[PDB]
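Reading through the structure tokens given below for one structure.
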Amino acid sequence: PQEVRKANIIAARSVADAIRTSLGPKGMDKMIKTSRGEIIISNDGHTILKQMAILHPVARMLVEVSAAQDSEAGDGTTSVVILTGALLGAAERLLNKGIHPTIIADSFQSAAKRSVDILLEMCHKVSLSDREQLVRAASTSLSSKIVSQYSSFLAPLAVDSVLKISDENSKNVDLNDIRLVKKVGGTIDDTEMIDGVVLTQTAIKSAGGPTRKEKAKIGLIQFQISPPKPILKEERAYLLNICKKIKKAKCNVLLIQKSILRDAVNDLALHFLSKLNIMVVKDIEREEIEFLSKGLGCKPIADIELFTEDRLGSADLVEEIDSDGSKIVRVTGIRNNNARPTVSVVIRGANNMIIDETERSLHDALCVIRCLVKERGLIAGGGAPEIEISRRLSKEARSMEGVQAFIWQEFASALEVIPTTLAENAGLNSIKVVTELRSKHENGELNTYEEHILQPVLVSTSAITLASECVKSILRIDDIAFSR
Amino acid sequence: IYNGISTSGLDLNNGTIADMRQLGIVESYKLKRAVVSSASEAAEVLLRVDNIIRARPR
Amino acid sequence: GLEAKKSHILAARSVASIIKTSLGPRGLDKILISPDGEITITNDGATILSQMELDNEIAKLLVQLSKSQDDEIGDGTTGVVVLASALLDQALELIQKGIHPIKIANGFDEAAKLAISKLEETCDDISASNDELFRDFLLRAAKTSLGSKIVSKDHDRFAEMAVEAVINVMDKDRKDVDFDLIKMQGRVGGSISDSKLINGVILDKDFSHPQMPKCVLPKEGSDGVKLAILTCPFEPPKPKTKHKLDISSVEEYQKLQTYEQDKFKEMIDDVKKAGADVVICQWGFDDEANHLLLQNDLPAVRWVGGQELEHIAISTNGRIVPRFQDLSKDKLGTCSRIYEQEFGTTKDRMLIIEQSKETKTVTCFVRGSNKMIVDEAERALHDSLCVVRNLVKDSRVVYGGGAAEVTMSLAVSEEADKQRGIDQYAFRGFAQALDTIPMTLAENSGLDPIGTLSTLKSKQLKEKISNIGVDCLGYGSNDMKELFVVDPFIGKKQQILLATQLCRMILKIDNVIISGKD
Amino acid sequence: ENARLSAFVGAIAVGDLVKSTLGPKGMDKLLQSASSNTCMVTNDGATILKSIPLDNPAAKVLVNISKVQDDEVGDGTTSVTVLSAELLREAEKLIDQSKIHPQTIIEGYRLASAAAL
Amino acid sequence: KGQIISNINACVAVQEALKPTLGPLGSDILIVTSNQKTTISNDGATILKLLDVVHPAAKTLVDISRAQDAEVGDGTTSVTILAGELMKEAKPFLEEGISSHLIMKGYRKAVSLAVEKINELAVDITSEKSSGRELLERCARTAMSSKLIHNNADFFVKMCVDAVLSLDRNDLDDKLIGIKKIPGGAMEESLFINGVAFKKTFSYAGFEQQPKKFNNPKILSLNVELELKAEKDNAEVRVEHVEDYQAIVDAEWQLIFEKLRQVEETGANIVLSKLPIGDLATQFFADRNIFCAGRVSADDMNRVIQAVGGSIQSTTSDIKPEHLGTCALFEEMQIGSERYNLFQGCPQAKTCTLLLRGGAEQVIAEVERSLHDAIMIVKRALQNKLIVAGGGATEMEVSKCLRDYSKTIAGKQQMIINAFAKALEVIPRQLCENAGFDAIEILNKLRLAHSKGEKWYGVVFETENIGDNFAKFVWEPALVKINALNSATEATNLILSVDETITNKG
């Protein structure tokens with residue numbers, strides 16, 4: 001069976017060593033030229049592995065690990081691939097000694113659980129009630145982005161949004177409730193929380209539309225205003241009963257799902273809704289159908305008979321903010337006690353490249369803050385947590401017995417690959433920098449604190465946990481057969 | 001088990017011979033008879049085969 | 001600078017991997033075929049490495065080093081080569097990390113010197129424990145190497161032969177044993193129970209004409225037995241030019257007769273004044289040449305090699321007389337007696353020359369019913385004589401057989417954290433390289449190398465500091481200290497020094513240059 | 001001559017897929033298609049055997065055996081093929097150095113199964 | 001231009017072999033001769049002599065190394081590395097259109113200005129801040145540093161200084177000091193011998209006599225064989241008489257007794273020859289206190305003539321009485337399970353012998369060659385009083401001055417001299433790489449203090465750092481640095497001046 005496993009380990013090691021050169025901002029970028037002629041350039045490991053079109057079945061598992069790495073911790077997509085390949089490289093000599101992979105697989109899961117308690121003892125205990133470390137966490141994380149002076153203004157915006165939805169025992173919080181709507185125009189200095197909800201499009205620009213209404217109900221409606229499609233008074237008669245049934249439930253906000261099949265609202269219906277001051281917002285994306293059904297607590301309504309008053313939400317004031325090239329509609333005071341208020345922030349800027357990278361930069365800032373919700377505390381990066389674990393495993397490896405005693409020795413050696421790569425990508429000598437870190441380890445422990453470089457504990461914790469089960473599942477498949 | 005000690009078994013955790021009554025690892029008796037009866041009927045047809053006639057594809 | 005460092009590691013590993021399975025008493029043998037058509041089977045790595053003829057420049061260092069190891073120790077044949085391959089495997093991983101090769105070579109020297117001082121505290125004393133416990137180590141020294149052979153039944157007889165042989169040839173001042181002072185001789189036929197310990201040279205001789213007695217007379221209470229060796233070509237009157245001697249007829253019978261024999265009558269008087277009992281020469285003798293010396297009870301010896309004359313003069317304190325005129329009785333050697341003792345059913349009818357006094361040389365006498373048994377017993381006795389020299393030169397010893405390598409591993413690995421810098425990783429790789437020997441002995445014993453190594457490390461830390469090795473041959477239990485199994489410390493110390501010296505010479509050569517064959 | 005090899009040695013390769021998947025600590029197998037994006041990883045023995053097309057005409061006999069076992073109880077389907085594979089593996093020595101009628105070997109199993117139960 | 005490029009790679013291939021052998025800590029190269037004899041040495045002379053390269057330009061680098069070893073004897077490795085480095089610097093200049101003739105012309109002006117700077121850096125100092133005995137002792141510890149003998153180097157310097165002072169300071173040679181390896185024993189127990197000693201390969205009998213204590217033994221050379229034994233020829237003599245069979249074995253002992261009697265009348269107590277001495281004579285010499293040793297090498301017999309003033313005579317007839325000689329005291333040591341013969345107290349001896357002891361034969365071989373590098377420093381100290389600071393000191397300043405002088409020079413010679421100055425950086429490079437130090441970091445750090453105006457800043461060979469070699473006691477003679485630039489330039493000018501290589505088979 002080793003011919004199947006050794007061929008997969010060597011194939012996966014070459015992929016991990018290739019992504020290893022991309023670690024850090026100074027790392028070596030990888031280029032992928034698609035068959036259609038598109039060429040992408042970036043250091044993101046999740047983007048490289050997705051567009052590489054890997055034909056190796058076991059090597060495709062790194063895409064699922066990198067996807068869960070950004071969804072849970074939010075950082076370390078490149079580091080988790082390096083740690084996965086580090087265990088595979090050390091496993092080559094394990095098979096030569098006659099070691100069965102069960103002991104190899106079971107030792108990785110047992111070492112991952114013990115490595116968490118080691119990091120927690122060396123980590124500093126912090127609380128979410130103190131806003132001093134919360135603002136500095138998101139401010140220093142934006143030093144890798146074009147924004148510099150505006151990074152301090154968006155720092156308290158991300159802190160106050162998470163602390164309200166974090167509570168205490170909620171633990172993991174769904175990130176789908178956070179939607180950043182980007183639009184050309186405006187600037188970064190103009191920000192509005194708008195905890196009620198934020199849509200992705202503008203309102204009706206035609207004549208007669210009020211565009212503003214107070215004390216209205218918001219609900220999801222999949223219907224569409226169109227003439228009969230299997231004379232002027234005949235089409236107006238068919239549209240009269242449509243607007244009359246909506247008036248029965250006093251629904252002043254009509255959200256129509258965007259579809260290329262038919263139109264949205266007929267021009268004849270605009271004059272009918274203008275008398276009742278019923279605001280209509282069209283071009284609702286399919287992704288926003290599930291988003292609006294959560295924070296607003298409404299239900300999608302397919303037909304006109306399914307439309308009821310009990311499925312309609314509540315909106316205190318609905319108005320269209322006047323701005324250059326923006327025209328964003330805001331809703332405040334949804335008055336939903338059961339569902340938590342959603343967080344949607346509008347991103348504005350003159351250049352299209354601004355609102356793009358800004359949206360991606362805020363996603364990584366919310367994940368790092370969310371790491372403190374599940375497990376409080378942080379550990380400074382730069383190879384500190386990787387070396388600290390190997391220091392404790394030196395004396396602990398002698399306390400074991402049997403085949404597992406040798407695994408603890410190789411497990412600490414594979415952890416040194418991460419700080420070694422960080423020293424190589426910076427131009428410094430690999431071994432020389434690592435020896436200087438272990439020399440001062442007798443006095444200093446976590447000391448990078450003066451450089452304002454901080455990392456959450458969940459990234460270092462999830463990187464070991466995901467890489468432990470990854471390599472564990474690799475050795476489980478001893479054969480590959482064609483099944484169709 | 002050859003001489004006495006008929007309740008002994010193999011322990012997967014400790015990798016040695018231990019008492020199965022103390023560890024509490026048991027398997028259903030109905031499962032034992034179902035596998036033996038299925039293997040006896042399956043091997044009865046296969047051992048009698050002196051030639052193979054390929055079935056017609058449906 | 002590129003493929004040289006990678007090729008030297010794989011080339012030296014494939015050659016060293018041959019004898020890794022033969023290490024220890026359980027190590028399997030090999031079938032070696034000489035170019036003359038003789039098949040030899042032995043467990044000694046010195047024979048296997050010496051028979052290797054190869055053009056690989058890396059493996060040539062193993063043959064040149066093994067020649068000096070047999071005289072100094074003799075047990076560092078297989079052990080050092082396996083240990084040297086461990087230092088090269090750990091150095092290969094450092095090359096890919098950017099470690100300089102000389103730093104790897106200098107790192108092993110500083111790590112070896114620190115490990116020697118650690119065993120100096122944990123070593124035990126022999127003579128301080130008791131006097132007779134030292135002799136018990138000499139009796140069981142050859143039992144370990146011969147335990148895998150049929151000789152292990154009679155081993156009690158061969159144990160007392162090495163005790164008295166080393167004391168005579170070695171003085172407590174320098175405590176050194178010379179290889180030229182030990183005569184190793186054996187023949188085919190007989191058994192191993194007839195082997196006797198002789199204090200002097202054998203010098204097998206048939207006593208020429210059978211009328212000569214088998215014993216040497218004391219010659220009226222004379223002191224000892226005096227011998228005379230002559231390397232001169234004692235021979236007819238061959239001139240430098242003419243020669244051409246022929247008998248014309250019977251008329252020349254009495255003319256040339258009395259003209260010849262009257263010569264030797266002058267030189268025979270000088271021999272009787274010195275009292276030399278026997279005459280020894282390098283070449284043969286005539287038939288009538290020994291008849292006149294028979295009436296005077298003066299036997300003669302012929303057909304003696306040049307190397308055999310070394311052990312005759314040293315043991316019997318004799319010399320080779322340049323001239324009979326000025327020869328005196330002062331420097332003539334005196335021994336106990338010279339007699340003929342038949343050995344088994346062999347018709348050669350060998351003899352025994354005793355001394356009864358302490359000499360500067362000894363002669364090993366080994367017999368066997370097979371040609372292979374004789375050769376295997378001669379080489380095993382050579383290593384047994386060197387262990388006795390190491391026990392006298394160094395009283396402090398340690399327990400080997402896997403216990404010494406584990407102790408040296410935990411000592412270097414513990415001090416690795418206290419020493420910072422580049423040498424921090426040089427000590428870790430050196431400690432992991434020392435673990436190869438106990439794992440090799442565990443693999444050669446048919447046991448889990450990792451599962452056994454973890455056991456030896458746990459017993460020396462949580463319980464107490466002691467020496468517990470891996471058993472290649474089935475024994476009662478662990479803790480060889482109870483079985484009184486000891487190994488020389490200076491013998492093991494010489495192995496780790498030659499291992500680091502061999503590892504440096506391999507890394508210090510980055511280029512391979514060789515011409516062609518025409 | 002090749003019918004005995006396909007019914008014995010050829011049937012072992014079918015049981016080798018479910019051999020290492022027995023037990024909670026057992027190994028896993030991979031089912032790969034032409035597009036390779038539809039694949040999955042599971043330890044189920046009944047799914048692997050039915051998904052993989054079998055060109056061996058003698059391998060279809062063990063397919064109906066697993067279907068009968070699944071009706072009784074949904075557990076132990078993997079152990080049926082594994083136990084049947086060991087009886088066919090030892091059948092090679094029952095021919096060369098034995099030369100024993102196969103029905104007499106089957107009748108010996110009925111006497112052994114009576115004492116086993 | 002195709003053959004010129006081919007000659008560039010031929011010089012780099014030869015240079016690459018000598019790069020690891022540069023420096024005392026440098027690596028050693030293994031070369032297998034057609035004789036199937038293993039030879040390992042770091043000296044570039046012997047390395048290039050065993051290659052026998054058919055390439056004409058590669059042979060030029062070998063021939064120029066013999067001239068460096070003849071007139072000087074030191075720097076044979078660095079002269080080839082410096083000469084071959086100009087081939088790599090001139091490689092890109094050929095593709096750009098610059099002819100090699102103007103490149104060779106710029107070297108003559110650069111070396112002419114470099115030799116003038118060498119005499120300015122050479123300061124003659126003898127008795128200033130130095131004594132007579134401590135002058136040569138501090139020079140021996142330079143080559144012994146960073147070695148396995150550093151702990152025992154205290155006792156080794158005393159034996160090294162006494163070897164040079166035992167000979168006339170006007171004529172000194174490294175081949176006059178003999179060294180014999182003694183297997184086994186402690187390294188700190190080695191002693192110095194004033195006379196000559198050999199290996200004593202004689203394994204035969206006749207031991208326990210000829211004690212190590214002599215008064216005034218007489219030394220006499222030997223040519224023919226004193227023993228009566230005839231190894232090669234023979235004859236056939238047979239008689240038909242019964243009683244004559246006894247007398248026909250009894251004869252030949254009288255033949256050489258005539259010539260052997262004249263040896264006793266001479267009274268020579270020492271018998272040495274280039275041929276093995278028979279075992280027949282090993283007894284009576286003990287009665288007369290005469291010593292004899294056989295199987296002596298021919299090279300060790302030449303030192304006996306220069307010691308007591310002996311002479312080699314064919315026969316024992318015409319030997320003259322004044323050819324004999326005697327020493328003050330004799331000593332024989334059995335250490336190492338082998339007897340060793342050595343003479344002591346010879347006032348007329350023109351040679352000496354230094355014995356070395358160690359744990360293994362391969363360990364002593366590294367100690368013997370590490371001493372040869374220290375002997376050349378001690379020998380050239382008294383011979384030449386003009387010394388220059390080495391270890392990177394002089395090598396870096398020669399490249400610095402050429403950078404400033406090239407600014408005033410116009411034309412192609414500016415970049416050519418700058419290329420020659422850049423080619424001087426290969427010498428300190430290989431010294432750092434062979435010693436383990438990083439050549440990239442030292443190259444940047446050494447140029448820092450090098451611009452402060454002090455020209456004596458060297459490179460520390462023990463601990464990685466920048467500083468002055470004056471405290472490291474690293475001294476080099478001025479004749480080596482001057483002849484190295486001339487030999488490397490002359491050898492380079494011959495290779496670049498040949499565009500076409502023609503080889504005819506015969």
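Naming works like this for the structure tokens: A, B, ... for the chains as they're shown, residue 1 at the start of each chain, ligands 1 onward in shown order.
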(message) Taking only C-alpha atoms into account and nothing else, which residues of chain A lie no more than 12 Å away from chain B? Please answer as a PyMOL selection string.
(response) chain A and resi 102-103+106+402
(request) Find the residues around stretch 25-38 of chain B up to 12 Å (only C-alpha atoms counted), leave out those fewer than 6 positions away in its own chain, and share them as a ChimeraX atom specification. (result) /B:7-13,18-19,44-45 /D:62,64-84,87,109-110,112-114,116-117
(message) Could you work out which residues of chain C fall inside 6 Å of chain A? Count only C-alpha atoms, and format the result as an MDAnalysis selection string.
(response) chainID C and resid 420:421 450:451 454
Counting only C-alpha atoms, collect the residues of chain E whose closest atom lies at most 7 Å from chain C, and write them out as an mmCIF file with N, CA, C and O atoms, in the first residue's frame.
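Result file follows (selection_27.cif):
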```
data_model
loop_
_atom_site.group_PDB
_atom_site.id
_atom_site.type_symbol
_atom_site.label_atom_id
_atom_site.label_comp_id
_atom_site.auth_asym_id
_atom_site.auth_seq_id
_atom_site.Cartn_x
_atom_site.Cartn_y
_atom_site.Cartn_z
ATOM 1 N N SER E 27 39.590 23.024 3.356
ATOM 2 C CA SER E 27 39.323 21.619 3.098
ATOM 3 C C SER E 27 40.455 20.992 2.286
ATOM 4 O O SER E 27 41.228 21.675 1.609
ATOM 5 N N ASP E 28 40.544 19.666 2.363
ATOM 6 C CA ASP E 28 41.546 18.897 1.640
ATOM 7 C C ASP E 28 40.900 18.184 0.461
ATOM 8 O O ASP E 28 39.758 17.725 0.550
ATOM 9 N N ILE E 29 41.638 18.089 -0.643
ATOM 10 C CA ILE E 29 41.148 17.470 -1.870
ATOM 11 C C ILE E 29 41.752 16.079 -1.998
ATOM 12 O O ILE E 29 42.901 15.845 -1.601
ATOM 13 N N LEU E 30 40.970 15.147 -2.538
ATOM 14 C CA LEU E 30 41.401 13.772 -2.755
ATOM 15 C C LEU E 30 41.627 13.552 -4.244
ATOM 16 O O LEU E 30 40.725 13.790 -5.055
ATOM 17 N N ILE E 31 42.828 13.099 -4.599
ATOM 18 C CA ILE E 31 43.203 12.832 -5.982
ATOM 19 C C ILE E 31 43.774 11.424 -6.057
ATOM 20 O O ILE E 31 44.658 11.067 -5.272
ATOM 21 N N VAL E 32 43.269 10.629 -6.996
ATOM 22 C CA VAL E 32 43.701 9.249 -7.175
ATOM 23 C C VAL E 32 44.647 9.205 -8.367
ATOM 24 O O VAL E 32 44.228 9.389 -9.515
ATOM 25 N N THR E 33 45.925 8.962 -8.097
ATOM 26 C CA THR E 33 46.924 8.843 -9.147
ATOM 27 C C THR E 33 46.789 7.503 -9.865
ATOM 28 O O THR E 33 46.193 6.549 -9.357
ATOM 29 N N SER E 34 47.352 7.444 -11.075
ATOM 30 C CA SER E 34 47.346 6.203 -11.841
ATOM 31 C C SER E 34 48.111 5.088 -11.140
ATOM 32 O O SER E 34 47.876 3.911 -11.430
ATOM 33 N N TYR E 204 63.205 -8.521 12.810
ATOM 34 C CA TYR E 204 63.768 -9.844 13.050
ATOM 35 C C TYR E 204 64.284 -9.949 14.486
ATOM 36 O O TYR E 204 64.038 -9.085 15.332
ATOM 37 N N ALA E 205 65.015 -11.023 14.770
ATOM 38 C CA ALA E 205 65.408 -11.372 16.128
ATOM 39 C C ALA E 205 66.614 -10.538 16.562
ATOM 40 O O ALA E 205 66.997 -9.561 15.914
ATOM 41 N N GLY E 206 67.228 -10.927 17.674
ATOM 42 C CA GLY E 206 68.311 -10.157 18.253
ATOM 43 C C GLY E 206 67.869 -8.974 19.085
ATOM 44 O O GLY E 206 68.463 -7.893 18.986
ATOM 45 N N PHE E 207 66.840 -9.149 19.908
ATOM 46 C CA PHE E 207 66.377 -8.111 20.817
ATOM 47 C C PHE E 207 67.021 -8.304 22.191
ATOM 48 O O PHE E 207 67.923 -9.127 22.369
ATOM 49 N N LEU E 228 77.243 -13.274 4.879
ATOM 50 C CA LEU E 228 77.736 -14.215 3.883
ATOM 51 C C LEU E 228 76.625 -14.765 2.996
ATOM 52 O O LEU E 228 76.921 -15.419 1.991
ATOM 53 N N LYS E 229 75.366 -14.489 3.329
ATOM 54 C CA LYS E 229 74.240 -15.069 2.608
ATOM 55 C C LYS E 229 74.188 -14.567 1.170
ATOM 56 O O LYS E 229 74.356 -13.373 0.903
ATOM 57 N N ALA E 235 75.034 -22.495 -6.980
ATOM 58 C CA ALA E 235 75.884 -23.395 -7.746
ATOM 59 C C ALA E 235 75.520 -24.829 -7.393
ATOM 60 O O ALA E 235 74.864 -25.092 -6.382
ATOM 61 N N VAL E 237 77.157 -28.465 -6.643
ATOM 62 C CA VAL E 237 78.341 -29.231 -6.272
ATOM 63 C C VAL E 237 77.874 -30.555 -5.684
ATOM 64 O O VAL E 237 77.121 -30.569 -4.703
ATOM 65 N N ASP E 244 82.611 -38.090 2.319
ATOM 66 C CA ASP E 244 82.725 -36.685 1.955
ATOM 67 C C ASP E 244 81.406 -35.932 2.065
ATOM 68 O O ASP E 244 81.411 -34.700 1.963
ATOM 69 N N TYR E 245 80.286 -36.629 2.278
ATOM 70 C CA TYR E 245 79.007 -35.940 2.426
ATOM 71 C C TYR E 245 78.995 -35.036 3.653
ATOM 72 O O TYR E 245 78.236 -34.061 3.698
ATOM 73 N N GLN E 246 79.823 -35.342 4.654
ATOM 74 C CA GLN E 246 79.929 -34.473 5.822
ATOM 75 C C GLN E 246 80.694 -33.199 5.490
ATOM 76 O O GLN E 246 80.248 -32.092 5.812
ATOM 77 N N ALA E 247 81.853 -33.338 4.843
ATOM 78 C CA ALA E 247 82.723 -32.192 4.608
ATOM 79 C C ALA E 247 82.197 -31.267 3.519
ATOM 80 O O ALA E 247 82.649 -30.119 3.434
ATOM 81 N N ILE E 248 81.258 -31.730 2.684
ATOM 82 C CA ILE E 248 80.712 -30.887 1.626
ATOM 83 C C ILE E 248 79.571 -30.005 2.109
ATOM 84 O O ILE E 248 78.976 -29.285 1.301
ATOM 85 N N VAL E 249 79.196 -30.084 3.386
ATOM 86 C CA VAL E 249 78.300 -29.089 3.965
ATOM 87 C C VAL E 249 79.063 -28.046 4.786
ATOM 88 O O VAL E 249 78.468 -27.040 5.205
ATOM 89 N N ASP E 250 80.375 -28.224 4.973
ATOM 90 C CA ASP E 250 81.086 -27.551 6.058
ATOM 91 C C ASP E 250 81.854 -26.305 5.619
ATOM 92 O O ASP E 250 82.536 -25.691 6.446
ATOM 93 N N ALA E 251 81.767 -25.909 4.349
ATOM 94 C CA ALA E 251 82.810 -25.056 3.779
ATOM 95 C C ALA E 251 82.529 -23.560 3.936
ATOM 96 O O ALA E 251 83.280 -22.852 4.616
ATOM 97 N N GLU E 252 81.454 -23.062 3.312
ATOM 98 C CA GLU E 252 81.358 -21.645 2.950
ATOM 99 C C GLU E 252 81.541 -20.675 4.112
ATOM 100 O O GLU E 252 81.796 -19.490 3.868
ATOM 101 N N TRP E 253 81.413 -21.129 5.361
ATOM 102 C CA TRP E 253 81.534 -20.218 6.497
ATOM 103 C C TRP E 253 82.872 -19.484 6.529
ATOM 104 O O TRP E 253 82.973 -18.420 7.152
ATOM 105 N N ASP E 279 70.696 -11.470 9.969
ATOM 106 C CA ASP E 279 70.555 -11.780 11.385
ATOM 107 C C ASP E 279 71.774 -12.485 11.962
ATOM 108 O O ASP E 279 71.813 -12.725 13.174
ATOM 109 N N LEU E 280 72.759 -12.831 11.131
ATOM 110 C CA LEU E 280 73.908 -13.593 11.610
ATOM 111 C C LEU E 280 74.777 -12.782 12.564
ATOM 112 O O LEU E 280 75.329 -13.339 13.518
ATOM 113 N N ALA E 281 74.899 -11.476 12.337
ATOM 114 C CA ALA E 281 75.851 -10.631 13.047
ATOM 115 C C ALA E 281 75.276 -9.985 14.305
ATOM 116 O O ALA E 281 75.956 -9.159 14.923
ATOM 117 N N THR E 282 74.056 -10.339 14.705
ATOM 118 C CA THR E 282 73.355 -9.596 15.748
ATOM 119 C C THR E 282 73.794 -9.960 17.163
ATOM 120 O O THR E 282 73.266 -9.381 18.119
ATOM 121 N N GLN E 283 74.735 -10.891 17.332
ATOM 122 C CA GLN E 283 75.180 -11.306 18.660
ATOM 123 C C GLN E 283 76.517 -10.685 19.051
ATOM 124 O O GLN E 283 76.591 -9.942 20.034
ATOM 125 N N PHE E 284 77.583 -10.994 18.304
ATOM 126 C CA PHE E 284 78.923 -10.549 18.685
ATOM 127 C C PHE E 284 79.012 -9.034 18.821
ATOM 128 O O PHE E 284 79.858 -8.531 19.569
ATOM 129 N N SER E 337 55.077 -0.198 21.135
ATOM 130 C CA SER E 337 55.392 -1.589 20.810
ATOM 131 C C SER E 337 56.429 -1.700 19.697
ATOM 132 O O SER E 337 56.502 -2.726 19.012
ATOM 133 N N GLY E 436 34.381 28.531 7.710
ATOM 134 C CA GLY E 436 33.022 28.467 8.192
ATOM 135 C C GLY E 436 32.319 29.805 8.284
ATOM 136 O O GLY E 436 31.082 29.838 8.302
#
```
Chain B residues near chain D within 7 Å, closest pair each, using only C-alpha atoms, as JSON lines:
```
{"residue": "B:31", "atom": "CA", "partner": "D:76", "partner_atom": "CA", "distance": 6.7}
{"residue": "B:35", "atom": "CA", "partner": "D:80", "partner_atom": "CA", "distance": 5.4}
{"residue": "B:38", "atom": "CA", "partner": "D:80", "partner_atom": "CA", "distance": 6.7}
{"residue": "B:39", "atom": "CA", "partner": "D:84", "partner_atom": "CA", "distance": 5.4}
{"residue": "B:42", "atom": "CA", "partner": "D:65", "partner_atom": "CA", "distance": 6.6}
{"residue": "B:43", "atom": "CA", "partner": "D:84", "partner_atom": "CA", "distance": 6.4}
{"residue": "B:44", "atom": "CA", "partner": "D:106", "partner_atom": "CA", "distance": 6.1}
{"residue": "B:46", "atom": "CA", "partner": "D:7", "partner_atom": "CA", "distance": 6.8}
{"residue": "B:47", "atom": "CA", "partner": "D:102", "partner_atom": "CA", "distance": 5.9}
{"residue": "B:48", "atom": "CA", "partner": "D:102", "partner_atom": "CA", "distance": 6.0}
{"residue": "B:50", "atom": "CA", "partner": "D:3", "partner_atom": "CA", "distance": 6.7}
{"residue": "B:51", "atom": "CA", "partner": "D:3", "partner_atom": "CA", "distance": 5.3}
{"residue": "B:52", "atom": "CA", "partner": "D:3", "partner_atom": "CA", "distance": 5.8}
{"residue": "B:54", "atom": "CA", "partner": "D:57", "partner_atom": "CA", "distance": 4.9}
{"residue": "B:55", "atom": "CA", "partner": "D:57", "partner_atom": "CA", "distance": 6.7}
```
